[PDB]
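For reference, the chain that follows is the form deposited in one PDB entry, supplied as structure tokens.
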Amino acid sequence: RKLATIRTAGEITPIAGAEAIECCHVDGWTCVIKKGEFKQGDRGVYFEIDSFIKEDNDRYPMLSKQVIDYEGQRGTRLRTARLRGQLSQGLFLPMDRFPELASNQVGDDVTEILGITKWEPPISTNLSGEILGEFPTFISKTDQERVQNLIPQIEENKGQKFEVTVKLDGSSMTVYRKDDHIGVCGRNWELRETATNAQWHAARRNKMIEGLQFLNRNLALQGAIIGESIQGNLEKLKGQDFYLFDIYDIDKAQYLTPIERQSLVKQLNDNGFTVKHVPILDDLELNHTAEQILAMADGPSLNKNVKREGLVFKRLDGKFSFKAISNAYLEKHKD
């Protein structure tokens, strides 16, 4: 994930309350900047929310009063914030503050060169087992790009049609089969079945192991586990359950399209395998800007009386996929 990249200043607009600052559009994001830091069309380094930036008075003095400890080192975590009434996200700095990047090009990922890293909520301790092996290379990891970083693609996909589903807030979990072996994995490892492992227990109680055996194909069930003991259980659940959102065809190396997934989950439940699916909302004919898509992010969740974290969109061909995280949710939750 490109936590710090080189980007272009979009349109700049005043903020009436405090004229020492102004509102700057970096592609889909809005920043508060110092007035006269950028004119539109200038390049700079933009750090995304969740960046953790080590303490530097020369380079990041504007971060000096939100310094925290994190996993041993001292630095600043970027979150959604409301600065003098203006909702602002990330940090945009001009290039004359980065001499060692003087001849980098727009679009470059300078995460590693600046030592940026990602602040992460601590381990949910009921969800970490013993590791049989790494995540299998013949399976794609579950990762969604943010719509604020895709404005060119949204204009390209004008006219395309997308499946819209609720984005649950839980940890990712993969159950798969390759020919005589059925494995359970979290985000980055394949785990051994214990009387401990939350993922194995989710897999066994909805029987997706015999289900995958039954279906007799090299498929990867990918879902979020959510519920008790998981990210504050904002969905008011009893227990923990598996909610699917993608199926990776291992042999063809590509995800199932929505209707294929939809009919395969149907096939699974028909034969008595209790695989739940992330909530599907009605499909979308993309004719939108990033702002309008974000504007759909707020709304009812799996529990219809709680505000969802956001939405994810899947182009029906199955090859284009992005999320749009609710900013109201991000503001009503700082961790």
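Residues carry their position along the shown sequence, with the first being 1. Think of the rigid core as the biggest set of C-alphas that the two forms share within 1.5 Å after superposition.
- 226 to 234 and 71 to 79 differ in mean CA B-factor, and the higher of the two is recorded for 226 to 234.
- Here the stretch with the larger average CA B-factor, out of 170 to 178 and 200 to 208, is 200 to 208.
- The entry lists C-alpha B-factors for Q86, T111, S140, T194, and the highest of these is at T194.
- Remark: of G159, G90, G186, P94, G159 shows the highest value [criterion: C-alpha B-factor in the PDB entry].
- Ranked by C-alpha B-factor against the other modelled residues of its chain, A324 falls in the lowest third.
- Per the PDB record, residue ranking by Cα B-factor puts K54 in the lowest third of the chain.
- In this PDB entry, the Cα temperature factor of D246 sits in the bottom third of its chain's modelled residues, the lowest group.
- Among the modelled residues of the chain, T257 sits in the middle third by CA temperature factor in this PDB entry.
- Per the PDB record, residue ranking by Cα B-factor puts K332 in the middle third of the chain.
FYI, the form deposited in another entry isn't displayed, but the following is about it.
- In the core-aligned comparison between the shown form and the other one, the C-alpha of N197 is the only one from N218, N197, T142, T80 that shifts by 2 Å or more.
- Annotation: Cα of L244 displaced by less than 2 Å between the shown form and the other one, core superposition.
- For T125, the Cα coordinates differ by 2 angstroms or more between the shown form and the other one after the core has been superposed.
- The pair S128 and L268 is looser in the other entry: their Cα-Cα distance rises by no less than 3 Å compared with this form.
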